[PDB]
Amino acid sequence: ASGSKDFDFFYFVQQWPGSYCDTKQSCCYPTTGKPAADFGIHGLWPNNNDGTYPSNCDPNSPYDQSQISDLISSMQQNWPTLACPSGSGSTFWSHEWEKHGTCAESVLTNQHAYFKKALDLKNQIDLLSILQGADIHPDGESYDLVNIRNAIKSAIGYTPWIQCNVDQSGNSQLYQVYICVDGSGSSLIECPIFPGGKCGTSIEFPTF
């Protein structure tokens, strides 16, 4: 990012809950119930074109849920936390704003605009539907990494980045999908750079 531009673009990252709840650690359900079996938002992260990113940028603007009271039921459905201990979600959302949303205050000027941007992005990138449409289902099969990639790329027109983790038995599985968004927050772009990590050739899609 040069000049007075704070950062170069965003990753918009969604997570599959079945690969959060099959690992060596316990996941917990939030207090509104087991979530729907769908990708959820992990976060919308400002990032730069050298692989670095801004973080914790404004400690004088702590998260304030009364500013996003109109979004909360959408946030309950589409951005649930599965970390322990069971909670309403506010811990997770507080954490995303403080670490990451505070660094996008140049473009997305207040909390409400930040959270509403991530919910509008989820609503146009339906990953499940896209995958299902290519016959790729969370049914515990292993699928070739190239097919999942090409299915998303054919549907949205930009290449996603797939991050894997490993389940309790050590098997490499579909964890999170990152799509990139321009520095304005207005449109999908090809990522300028991709994060590190390894998936290997064939990966599970766990049931949830």
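Just count from 1 along the sequence shown to find any residue number.
A summary of the deposited B-factors shows that, of 18 to 26 and 5 to 13, the stretch with the larger mean C-alpha value is 18 to 26. When 137 to 145 is weighed against 179 to 187, 179 to 187 comes out higher, by mean CA B-factor as recorded in the entry. In this structure the maximum Cα B-factor among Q163, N150, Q65, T52 is found at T52. As recorded in the entry, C57 carries the highest CA temperature factor of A155, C57, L174, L44. When the modelled residues of the chain are ordered by C-alpha B-factor, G33 sits in the highest third. Split the chain's modelled residues into thirds by C-alpha temperature factor. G89 is in the middle one. In the deposited entry, the Cα temperature factor of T81 sits in the bottom third of values across the chain's modelled residues. Split the chain's modelled residues into thirds by C-alpha temperature factor. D126 is in the middle one. Among all modelled residues in its chain, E105 ranks in the highest third by Cα B-factor.
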